[PDB]
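> An experimental structure, sequence included, is below.
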Amino acid sequence: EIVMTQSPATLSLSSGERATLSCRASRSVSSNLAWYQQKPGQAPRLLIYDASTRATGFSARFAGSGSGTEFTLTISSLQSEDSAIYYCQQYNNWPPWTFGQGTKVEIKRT
Amino acid sequence: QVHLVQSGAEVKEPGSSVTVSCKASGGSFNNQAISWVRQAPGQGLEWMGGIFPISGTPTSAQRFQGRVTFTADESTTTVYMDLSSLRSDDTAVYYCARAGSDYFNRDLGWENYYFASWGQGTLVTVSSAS
Amino acid sequence: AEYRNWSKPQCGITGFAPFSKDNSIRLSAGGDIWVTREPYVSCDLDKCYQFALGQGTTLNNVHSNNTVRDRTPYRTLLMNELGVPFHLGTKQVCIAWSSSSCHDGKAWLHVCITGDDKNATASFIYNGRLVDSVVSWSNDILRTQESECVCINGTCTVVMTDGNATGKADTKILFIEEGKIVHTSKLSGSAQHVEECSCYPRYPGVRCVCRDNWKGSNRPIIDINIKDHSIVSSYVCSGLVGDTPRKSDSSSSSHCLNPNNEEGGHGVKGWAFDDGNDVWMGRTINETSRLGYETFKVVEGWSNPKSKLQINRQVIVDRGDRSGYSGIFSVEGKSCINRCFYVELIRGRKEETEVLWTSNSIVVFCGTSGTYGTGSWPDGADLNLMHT
Amino acid sequence: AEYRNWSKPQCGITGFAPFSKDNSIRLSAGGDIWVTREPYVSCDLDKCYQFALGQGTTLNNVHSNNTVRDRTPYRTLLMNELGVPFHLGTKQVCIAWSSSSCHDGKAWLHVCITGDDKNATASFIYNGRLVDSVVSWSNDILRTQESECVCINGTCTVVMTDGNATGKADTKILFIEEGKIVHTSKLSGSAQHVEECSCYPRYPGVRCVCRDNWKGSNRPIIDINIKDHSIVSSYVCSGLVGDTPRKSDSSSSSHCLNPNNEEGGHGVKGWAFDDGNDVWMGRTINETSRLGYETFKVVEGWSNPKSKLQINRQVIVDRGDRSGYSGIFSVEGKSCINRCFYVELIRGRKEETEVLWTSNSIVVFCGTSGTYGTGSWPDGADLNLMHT
Amino acid sequence: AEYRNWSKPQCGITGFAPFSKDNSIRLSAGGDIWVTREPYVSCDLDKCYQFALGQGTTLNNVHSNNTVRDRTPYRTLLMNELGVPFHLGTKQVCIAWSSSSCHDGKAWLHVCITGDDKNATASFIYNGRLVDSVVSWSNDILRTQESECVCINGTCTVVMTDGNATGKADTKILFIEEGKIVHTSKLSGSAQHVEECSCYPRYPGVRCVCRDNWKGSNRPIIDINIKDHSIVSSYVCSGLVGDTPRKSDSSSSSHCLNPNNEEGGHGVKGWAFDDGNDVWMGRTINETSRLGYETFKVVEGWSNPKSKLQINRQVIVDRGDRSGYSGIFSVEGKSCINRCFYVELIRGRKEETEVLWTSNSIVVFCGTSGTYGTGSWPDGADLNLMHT
Ligand SMILES: *[C@@H]1O[C@H](CO)[C@@H](O[C@@H]2O[C@H](CO)[C@@H](O[C@@H]3O[C@H](CO[C@H]4O[C@H](CO[C@H]5O[C@H](CO)[C@@H](O)[C@H](O)[C@@H]5O)[C@@H](O)[C@H](O[C@H]5O[C@H](CO)[C@@H](O)[C@H](O)[C@@H]5O)[C@@H]4O)[C@@H](O)[C@H](O[C@H]4O[C@H](CO)[C@@H](O)[C@H](O)[C@@H]4O[C@H]4O[C@H](CO)[C@@H](O)[C@H](O)[C@@H]4O)[C@@H]3O)[C@H](O)[C@H]2NC(C)=O)[C@H](O)[C@H]1NC(C)=O
Ligand SMILES: *[C@@H]1O[C@H](CO)[C@@H](O[C@@H]2O[C@H](CO)[C@@H](O[C@@H]3O[C@H](CO[C@H]4O[C@H](CO[C@H]5O[C@H](CO)[C@@H](O)[C@H](O)[C@@H]5O)[C@@H](O)[C@H](O[C@H]5O[C@H](CO)[C@@H](O)[C@H](O)[C@@H]5O)[C@@H]4O)[C@@H](O)[C@H](O[C@H]4O[C@H](CO)[C@@H](O)[C@H](O)[C@@H]4O[C@H]4O[C@H](CO)[C@@H](O)[C@H](O)[C@@H]4O)[C@@H]3O)[C@H](O)[C@H]2NC(C)=O)[C@H](O)[C@H]1NC(C)=O
Ligand SMILES: *[C@@H]1O[C@H](CO)[C@@H](O[C@@H]2O[C@H](CO)[C@@H](O[C@@H]3O[C@H](CO[C@H]4O[C@H](CO[C@H]5O[C@H](CO)[C@@H](O)[C@H](O)[C@@H]5O)[C@@H](O)[C@H](O[C@H]5O[C@H](CO)[C@@H](O)[C@H](O)[C@@H]5O)[C@@H]4O)[C@@H](O)[C@H](O[C@H]4O[C@H](CO)[C@@H](O)[C@H](O)[C@@H]4O[C@H]4O[C@H](CO)[C@@H](O)[C@H](O)[C@@H]4O)[C@@H]3O)[C@H](O)[C@H]2NC(C)=O)[C@H](O)[C@H]1NC(C)=O
Ligand SMILES: *[C@@H]1O[C@H](CO[C@@H]2O[C@@H](C)[C@@H](O)[C@@H](O)[C@@H]2O)[C@@H](O[C@@H]2O[C@H](CO)[C@@H](O)[C@H](O)[C@H]2NC(C)=O)[C@H](O)[C@H]1NC(C)=O
Ligand SMILES: *[C@@H]1O[C@H](CO[C@@H]2O[C@@H](C)[C@@H](O)[C@@H](O)[C@@H]2O)[C@@H](O[C@@H]2O[C@H](CO)[C@@H](O)[C@H](O)[C@H]2NC(C)=O)[C@H](O)[C@H]1NC(C)=O
Ligand SMILES: *[C@@H]1O[C@H](CO)[C@@H](O[C@@H]2O[C@H](CO)[C@@H](O)[C@H](O)[C@H]2NC(C)=O)[C@H](O)[C@H]1NC(C)=O
Ligand SMILES: *[C@@H]1O[C@H](CO)[C@@H](O[C@@H]2O[C@H](CO)[C@@H](O)[C@H](O)[C@H]2NC(C)=O)[C@H](O)[C@H]1NC(C)=O
Ligand SMILES: *[C@@H]1O[C@H](CO)[C@@H](O[C@@H]2O[C@H](CO)[C@@H](O)[C@H](O)[C@H]2NC(C)=O)[C@H](O)[C@H]1NC(C)=O
Ligand SMILES: *[C@@H]1O[C@H](CO)[C@@H](O[C@@H]2O[C@H](CO)[C@@H](O)[C@H](O)[C@H]2NC(C)=O)[C@H](O)[C@H]1NC(C)=O
Ligand SMILES: *[C@@H]1O[C@H](CO)[C@@H](O[C@@H]2O[C@H](CO)[C@@H](O)[C@H](O)[C@H]2NC(C)=O)[C@H](O)[C@H]1NC(C)=O
Ligand SMILES: *[C@@H]1O[C@H](CO)[C@@H](O[C@@H]2O[C@H](CO)[C@@H](O)[C@H](O)[C@H]2NC(C)=O)[C@H](O)[C@H]1NC(C)=O
Ligand SMILES: *[C@@H]1O[C@H](CO)[C@@H](O[C@@H]2O[C@H](CO)[C@@H](O)[C@H](O)[C@H]2NC(C)=O)[C@H](O)[C@H]1NC(C)=O
Ligand SMILES: *[C@@H]1O[C@H](CO)[C@@H](O[C@@H]2O[C@H](CO)[C@@H](O)[C@H](O)[C@H]2NC(C)=O)[C@H](O)[C@H]1NC(C)=O
Ligand SMILES: *[C@@H]1O[C@H](CO)[C@@H](O[C@@H]2O[C@H](CO)[C@@H](O)[C@H](O)[C@H]2NC(C)=O)[C@H](O)[C@H]1NC(C)=O
Ligand SMILES: [Ca+2]
Ligand SMILES: [Ca+2]
Ligand SMILES: [Ca+2]
Ligand SMILES: [Ca+2]
């Protein structure tokens, strides 16, 4: 039903830079959008819900924003632990609860 | 604290069935929906379905509507997902997860169906090999 | 008095004239009015009555908070003459979080569903006494029409469903005589999901247009035979589909037998009726949300699924103002059966945060063979003034 | 039950005795009472009913602000037994910003006008169901009597008009049987502007006295033939004129055929009736504003336009207290048809700024063959106490 | 239906059993209840109705201040089924600051007096329409019974007075048939001042016990012949007198023909009825103020003026609690005519300063042939809590 498109597919930036990730719904999802972090070999972890409320496990450096059809996740001052797959997920009142295909984050170290 | 404990990794032959379990560490389940999400190797997340542990209304994605069923019991404090008529392609990590959602409105559907808590992810693998 | 038979022909309809408006939310800002949702209209031999599922509370009350949930033990079916707003003197005719009512020409039948989601009870109340009851069969929210049932020769019919409302497994048509369930037919034909049916007498049978919450944005149809209890089902052919959500009219498609598989998930209660090969129908003006309301005739839209030739459009609620459920009801005239409809005008939570409650007003329209003008009759309450 | 025929002779009238008073504004200061304007009274075979156009709100309410507006989508026709004030249990019989109602001996007819100023719809509701509808014919505020229609032998007649408030206006008389429009006659004779007619049965015909909003301070008359649908019109002869504004009685003039061209523009709804060559009539005591109310008989005033000989004067509302619309209604007695009248007692905006709302109470008087004294029965609310 | 004739014999009475209480002041402290005084009870063929003169306002209202005055243009006669408190849905049956009502077996007659003190009008309203009217004859406060009139064979009788109510000059008995005044008899016999009569059918005639505000603390009696319109009058013989103020029972005297000239000035509306030579009567327990209420039988008190032998005493309201007007009403049983009475329980100004309003509740008692106990049924509102 609702298709989630996420870009870039892979993003790479150095430590201390600010990352920006984008998610677009095939039809407006009225702010019913969540973001997930998945470190390699682990279960996903909730970053953001209701398009901008950040979860207990994350500091103010992770900022979710946008509404309607397009959304973005901003990661201020990148740190070594941020390398993970990031996924968006809509929950606009009726199934199915489709996820974005995911963005790989790769830290451009020396 | 509530967190989810899953059944150990499973090995099955094609055409067979598997029961995956998800138990509450807090000794009881509130009516927040327990949902099953899977992840094929090197691929994105895919929601299969879920059930409210007390009110019982079950729900399933079209690609799993025949092959999958869900059941729950407060006594064992466990939600069980049965996947039947398995295939090699269903080799994936199966995570149980607890949604913010805890009620289904006939008219308006489900509020807050985002996964807040996730299990260890049962690796289910389907092959002829021993 | 003799039982109703509805054997007169359907009235000639050129469109719909304004009939009644309850002004419930505007009156609530200065008086003791009931919190309601899922309203409907039904008429005895003399008078039309407004029905609604109360939330067991007035609007200016501590209990009006969190009234967005559709099932609680306190919901009761309210009944008043049409136009009398639901004030404290209103009668609670039964305990119900889902209901249907109709008058067979001798007395009112109320079908009242309440109890556990997993194990609900449907009570059949006729002539002011409980005559029969049936338990949930799929053990997953037994529910009914949220609009009038239809009675021919004293045999009333109500559509009831359970589970995810899947076809013959979950949906049953109950035949009721003086409150006693006399027969029960499983749903048959090609309708895949069937909920909240809006039904009208189409003598010798009954016809119902319903909500498909899973596959169709086109609406399911049920034909019910009163004489032999047989059931047939299909979908409204019209390329201009009636459900919400749906695809834009420039891109939407439909099928006479199957769900269209376009924005199939979710829906809204609505109505349509045949006028030879043409179809009269109402829907929200907005394609993805319950804003505005419009009615129109689609030429050949009852039999040609590629047809998108609409005519006789009327805006009932402008595209900026909230609407809700809508349903048909039939009124017997001197020489013909007229078709009338109501629109639920939902206000408050979840979409409006100025207030803590969820409630509705209604506007009601009747088919006319005459002429009519233009307007917009929204709820009209200012939630910024009656703000929490 | 048989249809009404009003075939009895008119009662002997020496003046008017006090009959009913609703005290709506005084009760509103501690009670859930409806905001209204343009009230009227009409009676079935047993009992008299008060009607008014609601503003979709109670008075002690956030929505009572700006209720000075004439037309909104929320206006509904309220109906109660005479003397029952319009509390929340009041029935809204139709959607309407202009209306007329009457009982044909079998059931109530309501004529209910609503929608866009430039494209309104008049709905005809009979025996509690919508039977017919007509669109605005001159696309400039379709409007009707704001008082009772009259039915003889089941044929009800209502005056309706469309077009310019201070220019040429297009007036039709609609003949209605059981809610169906059976005939429509254009206005004929010498009446140049015709609005808000107050009508009475004068078997075999109906007679109407109206408002001229353009050229007359003398009132127009319409004679309506129920048997052949023919129409005749003229003006009330008496040199004492009934409209407001008007010239002082020492300087005013009138004509039997033509508008007098004295303070012609604007007006107020009122009434008069023939008593052989004499005329009974009511008017505001003040000549330029709707203050006070008086009734009197003018000797030969129905046929002699130079006559200013008044007698039997009564003050109903003192010259210092607010008045409003007034209209005749007829009540069948044991042996004769009695004439009764109501006075709207308007309070609030624009003339009173203590309050944000505009509303009315009513006082009602009936013709008497007996004797009567004196008094003054104003609205009586203190807007300085119920002040904003 | 046929007219009432009251031709059955009077019931055997051993005392009075409790029947109804309205709790109006207690309910006013949390709801929209009408301000009232001068209440009374009257019954049609099926139901008893409570009547009262409204002050054109609810109690929790700005207009309830200064409601101690007995005549204003806003007073209206309220009517409800007995035990339904006067809420906003109450019908105002007529404009009235003094009234009387009765049911002739076919329909209600209301006698409604209003207008200027010096020039008042009495309207006769029958079967919901004004039939007749009469102007003040002494030009000094035309007034009537403030209790039920009595109808035999369709001829209703009402006592009316004007001026200082002096004998044949001021007091008249009006005979009314279906609202038309058919005859009028001057007061005759030895009653010197006659006001606020409490009347009961005593077939073939009517008997009335009244208030003497100038000469007697003994009550006047009027015997009214329905067949020939003749009038006779006297005073209640009983040495235990029924008016307030009065002398102490140890020192009071009475006369069968004349006022006793003991505390003659002022009075209170009350009642008494014959039981052979004995008299049943009610009065305030306090001799100089309207505190408490008691009923008793006086042995030979209808014919022996020296008799003070009381028996069957009942306290209705204890001597510490306020009472007010009281009046008889008659109820037709299976085999006999029962006598019942009501007590006005006045609260507020002038005697209570905790509040700005003056209003009443009621308690109602009916004659019994059976057995009864003891109690006290006062108003029961706490004006210290609902304090201004
Ligand atoms: C006062 O009140 C009254 C009553 O409410 C108002 O009248 C009503 O006005 C509405 C206006 O929306 C009308 O509904 C609309 O009808 C048209 C269809 O009708 C037109 O086309 C007809 C078919 O055309 C073919 O045939 C004719 C010959 O008949 C040929 O000449 C053509 O070339 C074609 O081959 C045609 O038959 C119609 O004429 C008849 O009807 C009119 C009245 O409508 C009469 O005057 C005529 O005399 C004659 O009897 C007529 O020309 C629809 O197109 C409308 O829907 C579109 O517009 C909506 C917005 O308004 C929009 O939401 C819809 O989605 C839809 O738009 C889409 O589809 C269109 C094509 O289908 C596209 O063009 C468009 O771009 C878009 O893609 C609507 O259904 C009512 O019929 C009318 N009711 C009555 C009883 O008259 C009156 O307007 C008010 N006046 C004032 C001052 O307010
Ligand atoms: C208690 O309540 C009752 C009932 O409601 C009150 O009675 C009512 O009182 C009003 C007072 O307004 C009366 O209405 C007025 O009627 C007069 C006309 O009537 C008078 O003139 C008649 C004609 O007189 C000429 O001809 C005769 C011969 O036929 C000659 O003898 C004369 O000299 C004259 O040339 C005459 O027939 C009338 O007599 C009858 O009526 C009286 C009672 O009124 C009785 O005593 C008689 O016995 C007999 O039955 C009578 O004398 C109108 O003139 C009044 O209108 C003018 O006054 C208004 C203000 O009051 C004002 O607003 C008007 O504009 C108008 O004034 C203008 O016109 C005048 C001439 O018409 C000019 O002089 C003036 O300057 C100005 O230009 C009004 O219509 C009711 O008739 C009366 N009703 C009844 C049924 O009796 C009673 O007053 C109350 N009592 C108390 C104590 O409160
Ligand atoms: C439960 O409820 C019931 C029902 O409500 C209560 O019963 C009721 O009680 C009241 C009490 O007030 C009674 O009313 C009073 O009646 C007496 C008169 O009755 C007495 O005297 C009769 C005549 O006596 C003379 O003649 C006989 C011979 O025939 C001689 O033997 C005597 O000596 C005398 O010479 C006598 O016939 C009566 O007997 C009958 O009645 C009683 C019940 O009352 C029965 O037990 C008997 O078996 C028999 O059937 C009786 O003895 C009046 O005197 C009362 O009035 C005075 O008192 C009032 C205050 O109560 C006061 O306000 C009055 O002003 C008045 O007082 C003045 O007059 C007095 C003399 O009359 C003076 O003494 C006094 O100082 C003052 O000057 C009153 O009318 C009801 O009749 C009775 N009702 C019924 C149906 O029984 C019961 O009390 C309750 N029980 C409980 C536990 O709460
Ligand atoms: C609606 O639900 C029915 C019922 O299916 C059962 O409940 C489900 C939530 C899940 O637990 C299933 O495994 C259960 O069988 C569905 O009907 C089934 O459909 C499949 C085809 O997809 C068919 O093979 C099964 O026989 C059906 N099951 C039964 C018991 O009849 C239906 O598909 C669901 N539809 C939607 C849109 O949700
Ligand atoms: C309603 O009528 C008045 C009066 O004039 C008439 O209407 C005119 C359109 C025209 O047909 C005249 O011959 C008629 O006698 C209109 O008043 C005029 O208003 C305009 C501004 O709108 C002003 O400039 C003119 O001076 C006015 N003329 C007069 C004679 O007063 C009025 O406009 C009409 N209303 C509508 C909506 O058309
Ligand atoms: C439908 O019901 C109506 C009555 O509501 C039937 O018409 C009546 O028939 C009887 C018997 O012939 C007559 O006595 C009445 O006068 C008829 N009434 C009217 C208003 O026509 C009608 O026959 C029924 N039709 C069917 C098919 O059952
Ligand atoms: C509704 O009831 C009527 C009355 O029984 C049915 O019509 C009758 O049908 C029988 C059998 O054909 C005839 O013998 C009668 O003469 C008919 N009466 C009338 C008035 O038509 C009718 O068929 C029933 N309809 C339904 C849908 O039940
Ligand atoms: C249909 O309805 C939707 C949902 O009510 C409208 O969406 C609004 O769109 C604007 C931006 O264009 C947003 O600022 C609002 O927040 C949206 N409202 C809501 C409640 O989400 C939409 O504009 C309507 N579209 C059409 C074409 O009718
Ligand atoms: C107008 O209606 C009345 C009834 O309200 C008619 O009077 C009745 O006439 C019939 C036939 O002559 C009688 O059976 C009744 O007994 C009459 N009733 C009464 C109360 O008189 C009256 O004839 C009609 N008049 C006209 C001119 O149509
Ligand atoms: C109103 O209806 C009555 C009854 O139809 C009409 O009176 C009848 O008139 C005809 C022709 O003169 C007579 O044959 C009848 O005997 C009359 N009946 C009565 C009771 O008088 C009357 O003419 C109609 N009036 C109007 C204005 O339509
Ligand atoms: C008729 O009514 C008008 C409007 O109330 C009165 O006009 C007032 O007149 C006084 C002086 O007499 C002025 O001070 C006020 O400013 C006026 N008020 C308004 C609102 O303009 C007029 O006096 C009345 N005339 C008669 C004859 O009663
Ligand atoms: C008073 O009215 C009653 C009815 O309320 C009359 O009683 C009826 O009298 C007639 C003639 O004897 C009988 O046919 C009825 O059966 C009586 N009805 C009842 C209920 O008793 C009574 O006759 C009237 N009294 C007088 C004196 O006229
Ligand atoms: C009340 O009405 C009844 C019935 O009219 C009167 O009783 C009748 O009186 C006459 C004359 O004595 C007799 O010829 C009848 O036989 C009586 N009928 C009955 C049933 O008794 C009675 O007189 C009237 N009473 C009053 C007070 O008006
Ligand atoms: C009757 O009522 C009055 C009050 O209306 C009582 O008056 C009191 O009388 C006592 C002495 O008997 C004084 O001490 C009080 O000051 C008085 N109060 C008032 C407010 O005046 C009186 O006692 C009652 N009398 C009887 C015999 O019941
Ligand atoms: Ca759908
Ligand atoms: Ca004018
Ligand atoms: Ca309140
Ligand atoms: Ca006295």
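Great, that's in hand. Numbers count the residues shown, from 1 in each chain, chains lettered A, B, ... in the order given. Ligands and ions are numbered 1, 2, ... in the order given.

> all contacts plus neighbour counts: C-alpha atoms, from now on.
Fine.

> In which helix or strand does residue A:48 reside?
Using DSSP states H and E, the element containing residue A:48 is strand A:45-49.

> counting contacts, what elements does the helix or strand following that strand pack onto?
Where DSSP H and E defines the elements, the next helix or strand beyond strand A:45-49 is strand A:53-54. Using 3 or more C-alpha pairs under 8 Å, 6 or more residues apart in numbering or on different chains; DSSP states H and E as the contact test, the elements touching strand A:53-54 are strand A:62-67.

> next one: the helix or strand just after the strand it packs on to chain centre, how far?
Remark: after strand A:62-67, the chain's next helix or strand is strand A:70-75, criterion DSSP H and E. Remark: strand A:70-75 is offset 6 Å from the chain centroid, using C-alpha atoms, centre = their mean, to the nearest Å.

> and what of stretch C:109-124?
Worked out by C-alpha atoms, centre = their mean, stretch C:109-124 lies 18 Å from the chain centre.

> Any part of it near chain B?
Yes - counting by C-alpha under 8 Å from any C-alpha of the partner chain, chain B has neighbours in stretch C:109-124: C:117, C:118.

> Touching that stretch from outside, list them.
B:55-57, C:73, C:77, C:94-103, C:125-127, C:130-136, C:139-144, C:178-180 (C-alpha atoms under 8 Å, 6 or more residues apart in numbering or on different chains).

> all strands in chain A, in order from the N-terminus.
Secondary structure of chain A (DSSP state E): strands located at A:4-7, A:10-13, A:19-25, A:33-38, A:45-49, A:53-54, A:62-67, A:70-75, A:85-90, A:103-107.

> who in the stretch 201-350 of chain C is up against ligand 4?
residue C:214 (C-alpha under 6 Å from any ligand atom).

> give me the residue from the stretch 201-350 of chain C nearest ligand 8.
Nearest to ligand 8, among the residues of the stretch 201-350 of chain C, is residue C:286, at 4.4 Å (C-alpha to the nearest ligand atom).

> Chain B too?
residue B:108 (14.4 Å).

> List the contacts of the residue of the stretch 201-350 of chain C closest to ligand 8.
C:292, C:319.

> so how far is ligand 3 from it?
Noted for residue C:286: a distance of 76 Å to ligand 3, by C-alpha to the nearest ligand atom, to the nearest Å.

> For residue 62, the count of nearby residues, please.
Went with chain A since none was named. Residue A:62 is flanked by 19 other residues according to other C-alpha atoms under 10 Å in any protein chain shown.

> that's the other chain; I wanted chain C
Residues near residue C:62, counting by other C-alpha under 10 Å: 10.

> do residue C:248 as well
Neighbours around residue C:248, by other C-alpha under 10 Å: 13.

> Let me see the contact set for it.
By C-alpha under 8 Å, 6+ apart, the neighbours of residue C:248 are residue C:287.

> Next, the contact list for the one residue sitting closest to the centre of chain B, please.
Centroid-nearest residue in chain B, with C-alpha atoms, centre = their mean: residue B:36, separated by 2.7 Å. Counting by C-alpha under 8 Å, 6+ apart, residue B:36 touches B:47, B:48, B:49, B:50, B:81, B:94, B:95, B:96, B:97.

> Give me the most central residue, the chain.
Using chain A here. residue A:35 (4.1 Å).

> I was after chain C.
Note: chain C centre (C-alpha atoms, centre = their mean) maps to residue C:327, 3.5 Å.

> Quick check: that one vs ligand 10, distance?
For residue C:327 relative to ligand 10 (C-alpha to the nearest ligand atom), the value is 42 Å.

> Excluding chain neighbours, what is closest to the residue of chain B closest to ligand 8?
residue A:93 (6.7 Å; C-alpha to C-alpha, 6 or more residues apart in numbering or on different chains).

> Confirm for me that that neighbour is in contact with residue B:109.
Yes - counting by C-alpha atoms under 8 Å, residue B:109 is a contact partner of residue A:93 at 5.3 Å.

> Of the two, which one has the most company?
Of the pair residue A:93 and residue B:109, residue A:93 is the one with more neighbours under other C-alpha under 10 Å, namely 20 against 16.

> where's that one relative to ligand 4, distance?
15 Å.

> Show the contacting residues for that residue.
A:32, B:108, B:109, B:110, B:111, B:113.

> Most neighbours of all those, which one?
Those, ranked by neighbours (other C-alpha under 10 Å): first place residue B:113, 26 neighbours.

> for that residue, what are its contacts?
Contacts of residue B:113 by C-alpha under 8 Å, 6+ apart are A:91, A:93, A:97, B:99, B:100, B:101.

> Pairing partners for the residue nearest to the centre of chain B in the sheet, please.
residue B:49, residue B:96 (DSSP bridges).

> Equivalent analysis for residue C:205, please.
Residues in beta-bridge contact with residue C:205 (DSSP bridges): residue C:202.

> Any idea how many residues pack against it?
By the criterion of other C-alpha under 10 Å, residue C:205 has 18 neighbours.

> For residue C:169, which non-adjacent residue is closest in space?
For residue C:169, the closest residue by C-alpha to C-alpha, 6+ apart turns out to be residue C:186, at 7.4 Å.

> wait, doesn't that neighbour sit right on residue C:166?
No - applying C-alpha under 8 Å as the test, residue C:186 and residue C:166 come out as separate, 11.0 Å apart.

> check contacts around the residue nearest to residue C:169.
Applying C-alpha under 8 Å, 6+ apart to residue C:186 gives the contacts C:168, C:169, C:171, C:172, C:173, C:231.

> Highest neighbour count among the contacts of residue B:36?
Going by other C-alpha under 10 Å, residue B:96 tops these with 31 neighbours.

> mind checking how far that residue is from residue B:24?
For residue B:96, the distance to residue B:24 equals 11 Å [C-alpha to C-alpha, to the nearest Å].

> Residues in contact with both of those two, list them for me.
residue B:4.

> List the contacts of stretch C:367-374.
C:11-17, C:314-315, C:338-340, D:115-116, D:119-122, D:130-136.

> So which of those sit within strands?
C:15-17, C:314-315, C:338-340, D:115-116, D:119-122, D:130-135.

> Now do the buried residues in stretch C:43-50.
In terms of neighbour count (16 or more other C-alpha atoms under 10 Å in any protein chain shown), stretch C:43-50 has its buried residues at C:43, C:44, C:48, C:50.

> one step back: show the buried residues in the ones in strands among the contacts of stretch C:367-374.
Applying 16+ other C-alpha under 10 Å to the ones in strands among the contacts of stretch C:367-374 flags C:15-17, C:314-315, C:338-340, D:115-116, D:119-122, D:130-135 as buried.
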